[PDB]
Amino acid sequence: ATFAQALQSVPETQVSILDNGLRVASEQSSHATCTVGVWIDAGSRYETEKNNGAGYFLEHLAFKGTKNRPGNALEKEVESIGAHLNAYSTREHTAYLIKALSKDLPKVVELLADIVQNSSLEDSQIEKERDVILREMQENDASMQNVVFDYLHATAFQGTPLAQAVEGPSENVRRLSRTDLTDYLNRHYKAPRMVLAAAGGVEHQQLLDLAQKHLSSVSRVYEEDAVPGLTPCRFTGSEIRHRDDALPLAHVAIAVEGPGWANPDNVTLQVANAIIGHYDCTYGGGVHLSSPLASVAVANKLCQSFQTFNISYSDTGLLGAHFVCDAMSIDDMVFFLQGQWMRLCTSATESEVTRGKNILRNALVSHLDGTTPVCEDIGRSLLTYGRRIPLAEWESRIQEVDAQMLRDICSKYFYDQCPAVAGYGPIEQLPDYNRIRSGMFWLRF
Amino acid sequence: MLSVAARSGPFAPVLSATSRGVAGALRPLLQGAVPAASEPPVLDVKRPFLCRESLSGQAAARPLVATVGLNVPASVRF
Amino acid sequence: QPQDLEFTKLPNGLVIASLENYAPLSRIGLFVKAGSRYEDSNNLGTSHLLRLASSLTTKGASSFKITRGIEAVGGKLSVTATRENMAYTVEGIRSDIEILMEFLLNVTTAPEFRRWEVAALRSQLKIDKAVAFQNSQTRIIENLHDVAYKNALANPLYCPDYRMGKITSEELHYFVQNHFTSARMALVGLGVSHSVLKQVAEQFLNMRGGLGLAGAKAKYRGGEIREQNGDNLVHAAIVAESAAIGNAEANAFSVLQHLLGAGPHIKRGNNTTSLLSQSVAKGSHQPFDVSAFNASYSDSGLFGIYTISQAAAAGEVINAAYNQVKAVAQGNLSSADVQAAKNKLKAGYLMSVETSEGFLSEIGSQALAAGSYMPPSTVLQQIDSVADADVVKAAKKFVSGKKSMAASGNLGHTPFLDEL
C-alpha cells in the first residue's frame, strides 16, 4: 500500500468531445453525491474596457430567471431536491457548478443547460443587480487583501486587459445595458471554450448522453466571423501605494512575473513557496516553525500574517508574497522576506527541498478531496492544459525536483528582477522601490 | 427627604457620580488611580454587510465548533 | 475499495474504528469526551488552553521535535472542539503515518505541561479569543448558551478574560487525568489497517483509569442578555429547549429546521422555499437574514430562530419570523414542503460526509455518542420515517416552551421576551 500505487489507484478522468466541440469530462467515485459544473474560458482578460463588469453582472443575473424557467422557478426546483448552486468568475475562467445527489443527475444537467444557454436578462432585474453590485463593491472596498491584490494586478499589468478587475469600475456598472450583455454572451459563450465536468457518483456514458441531448447545437460559429485572440500581457516592474494612516494594519504584496500555466517550472516554484510557507497569528507552532521567515516573525513579533502565492494565467503570472503587519515592522519584514528569496537563489539545501516536496505532495493530495474540488480541478485542467494531468504525473514532476534545479529556477525567476509592489494602510515605513530593487540581489554572490 | 443622599444612606456614592471641574481646597478621600490597563490586540477589519445578498448565510444554524492547528489558521463554524 | 468499516470495543472501553480505503492520504483522529462542558466554575477556560497546548513538550517528544517532525513529513495536526467533545486529528501520507501516530498519542495521552510553556501560551489564549470574537455571531452563541443553561452547557468554549493569566499546569493535569480516560475515547483511522491501530492502542491507551468524572446534567434556566454595542446590524437569537441526541423527536426538529431555512442553496439567491425568508421578506425593504438554529447535545437541545436585521426594523423581522413559526405550529404546512425539507436534510448529510475529514468526524461522533457505526442508508431511512405531525409537535414545543434570548447591536427597537 505504497504512495506510488496509491496514486495509481486514483480513477482516470474520462474525456469525450461532442459534435459542437464542447468537452465533457467525468471522474467516478463511490460517493452518493456529485458535482456537475460548466467551465467557460471567459473572464475580465477578454473585456475591452467598455464591458468591464459584464461577466460579473451576468453571473449575478444567471440564477434570476431563464426563458423556460422564469423568475424564481429555477430556485424552486434547484432547492426542492436539496442541490446547491454556485458560480464564480476569475480573470480568465467562469464556473457554474451544482452539488447534488447522483439520482438527480439528469435534471441538474439540463438545469445547467438552462443557465448557460437560455438566460433571460430582464431590465428591472438589471437595475436591481446593478444596485446590488454597486453596494457589493462598496462591501469589497473594506477587505484590504482584495484591494491589495487588485492594486498588484493593476500595477503589474499596466495597459493590458489583465490589470482590470473582474467587477470592473463603478461607472461601467452604472451604464451596462442589456445589448452589451447579449453581445458578451454571443461572443464568449462558445462551444469549443466550454467544459462540462462532473465528479463523484457520475456515470460517464449517462453524462455524455445527457450532454448530447441538452448541450448540443449551441454556438460554434462566430456570427460576423470575428474570432477573438488572447494577446500576451506585458509585465511592468512598478509600485502602487495607497497611504491611509487611519487603517489599523498594513497589507503589502510583492511579486515578480510568473511563467504561466504551461511551464513545468511552476512545480519547482511551488516547492519554493513550500520552503517559505505561510504564517498566521493563530498558528500553534510558535518559534519552532520550520520556515525561517515564520520563525523570525514569531521571534521578533513582526507580522500579523504572511502567505506566498503563485497565480498563473496564460503564459504569465504573479509569483510572490503578501503580508499584513503593523507599520513599525514593515521594512524589517521586507528585509527578511527578501533574504529568504536570495537564500533560495543561492544556498538551498536538500533537507528544506525534501520538506517542501512533502508539503507540496500533502497539499495537492489534500486539495483533491471531495467532489467539488475534483470537478473544479477537472474544469481548470481542461481549460488550461487541454487535458487532466493525473496525480502520479504530479508526483513524478515533484520527485524530479532537487536542490540544484530549485536554485536554478529561483535564480531565473527571482534574482535581479524588478518586482511589482502594492501597499495599503500605514505604509510610511514601507521602503522605496530602489531599496526593494537593491534587496532583490546580493552583493556577496 | 426627596434626595438620594437623604433616602439612600449607605448607597449614596453608588447611585450618584460626583466629578469636580475645578478642584476645591480640601483634597477628596480615596484619590484613586488607574494601574495601567492592558492594550487589546490589533486585528484587521472584517468586511461589512450592506446587501441582503451577502447577508444571506450569516445567521447561525449549527452548534459552535472551534478548530486550531499546528500550521493551519484557527477557525470557527456555526 | 473501502470495503468495510471495521469496529472493535476493547475491554477497557476504548473504541477503535478503522477503514482501509487504500487512499494515498491517511487521516487518524482521537475523539475524547472532554469538552468545555466538563469544567465547573473553578477551572473555566482550561479546555481552551488544553486545545491550544497541542504543540507542547510531551514525555517522549519535545515541542521542537513534534513541530519539526510533523512539518518535515508534511502532515498536520489539528484540534477540533465543541462543547461536548474534543478531537485530535493528524494528517499525512501513508509512508510516514506511524511517526504521526506516536506524535498524536504522545500529545493526547502523556503531556508534560511545563509551567513556562503555559505561561507563554496564555497570550496565545488572548489572541485566539480576540480572533474568534472578531465576528458577532460567535459572541451571540456564547451569550445564548450562557442564557440558556445554569451549568454544564453554559461554560464558554473560549477562556474568560479574568481566567487569562491564572490557568495553571496542575489544573490542566487534573483535567487530563479526570477526562482523558480510556472509556471516553475512540481512535478512528482512514487509510490504516485495524492491526496497526489496535497495537498502538494497546501500547499507548491502556494506562488510563475508567469512566472519569460524570458531569452535571445541564439544567435549563432561560432568560435574556442584551449587549448594546452600537453595531449597524442587530443580531438576535431566540431559542427554546428541544430534544437531545438519540431522541427521534430531534430528527423531527432537524426537519423543522429545514422547513424554516438552514442556509442558502444558491450563491446570491432569494431563498424561495425558506418559510422564514418568505414571511419576513414581504415586509422588509432593507437587508436582513433569518434562519432556524438547531443544537442537539447528549442530554439537551436548543431550537430557535436567528435573525440579523437593521436596528430600526429588528422588531418587525423578529415578530414576522416568530409568527411564521407559530403558523407552522398550528398545522399550516404543506406535505411537499416537508418532502423538500427532508431532501434538503438528506443532501446536507450526504454532503457533510463527502470529504474524508467530515467522514472521520461523523465516525468519531457516532462512536463516542452511541458506540457503533450507523450506515448513511439507515440514517436516511430514519430521516424518511419522520412524520409531519412530529414537525408540528416540534414547532408546538418551541412555541409553548420557555424562551431564551441573546441580542446585540443597537437595541433601541429590539423587543423583549415578554413583548413577543
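Here chain C follows Swiss-Prot for its numbers: 34-453, in order, are the residues you see.
Placed from the backbone N, Cα and C atoms, the Cβ positions cover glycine too.
In Swiss-Prot this protein carries:
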| type | residues | note |
| --- | --- | --- |
| MOD_RES | C:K66 | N6-acetyllysine |
| MOD_RES | C:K199 | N6-acetyllysine |
| MOD_RES | C:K250 | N6-acetyllysine |
| MOD_RES | C:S368 | phosphoserine |
**Fill in**
CB contacts under 8 angstroms to C:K199 (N6-acetyllysine), restricted to the same chain and 6+ apart in sequence, sorted by sequence, are none
**Fill in**
Looking at the modified residues C:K66, C:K250, the one with the fewest other Cβ atoms inside 10 Å is C:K250
**Residues near the residue listed as 'phosphoserine' in space but at least six apart in sequence (CB under 8 A)** = C:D421
**Prompt:** Rounded to the nearest angstrom, how far is the Cα of C:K250 (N6-acetyllysine) from the Cα of C:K66 (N6-acetyllysine)?
**Reply:** 14
**Asked** In terms of DSSP three-state secondary structure, what is the assignment for C:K66 (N6-acetyllysine)?
**Response** coil
**Request:** Look up C:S368 (phosphoserine) in the DSSP assignment and report helix, strand or coil.
**Result:** helix
